[PDB]
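J.: Coordinates for the following, if possible.
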Amino acid sequence: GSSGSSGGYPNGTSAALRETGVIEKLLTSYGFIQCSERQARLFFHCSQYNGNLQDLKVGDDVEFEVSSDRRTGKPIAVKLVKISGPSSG
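T.: Numbering: from 1, shown residues only. Sure, structure below:
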């Protein structure tokens, strides 16, 4: 066939829009992020966050992507990523 790495997102007509808010609540299993754009409290799973929840905390800005679940179809956060942190990787 051919080679390549998912071309160069965004892919498909509909692109991916990342939203930013704040960590309203946080737990050992997951946490909630208060969207400062839609004024709604989102629910992000500890799995979404790429970094280490340890670093994360309640009251810190974070970037995520609003998606739709498959069990409830509700707007949940995914692939969370702390905004502040220009540190290399």
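J.: residue ranges for the strands of this protein, please.
T.: Taking DSSP state E as the criterion, the chain carries its strands at 18-26, 30-35, 40-45, 62-68, 75-82.
J.: Can you tell me what sits against the third one?
T.: This means strand 40-45. Outside strand 40-45, the residues that touch it by C-beta atoms under 8 Å, 6 or more residues apart in numbering are 21, 24-25, 29-35, 62, 64, 66, 75-78, 80. C-beta: built from backbone N, CA, C; applies to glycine.
J.: now swap in the fourth one and tell me
T.: Contacts made with strand 62-68 from outside it, assessed by C-beta under 8 Å, 6+ apart, are listed as 16-23, 33, 42, 44, 48-49, 56, 74-83.
J.: now swap in the first one and tell me
T.: Under the criterion C-beta under 8 Å, 6+ apart, residues 31-38, 41-42, 53, 56-66, 77, 83 lie in contact with strand 18-26.
J.: ok, it: who's next to it in the sheet?
T.: strand 30-35 (antiparallel), strand 62-68 (antiparallel) (DSSP bridges).
J.: where's it relative to the chain centroid, distance-wise?
T.: The chain centre lies 8 Å from the centre of strand 18-26; the measure is C-alpha atoms, centre = their mean, to the nearest Å.
J.: Drop anything exposed from the contacts of strand 18-26.
T.: The neighbour count (16 or more other C-beta atoms under 10 Å) marks 31-35, 42, 53, 56, 62-64, 66, 77 as buried among the contacts of strand 18-26.
J.: With that, I have no additional questions.
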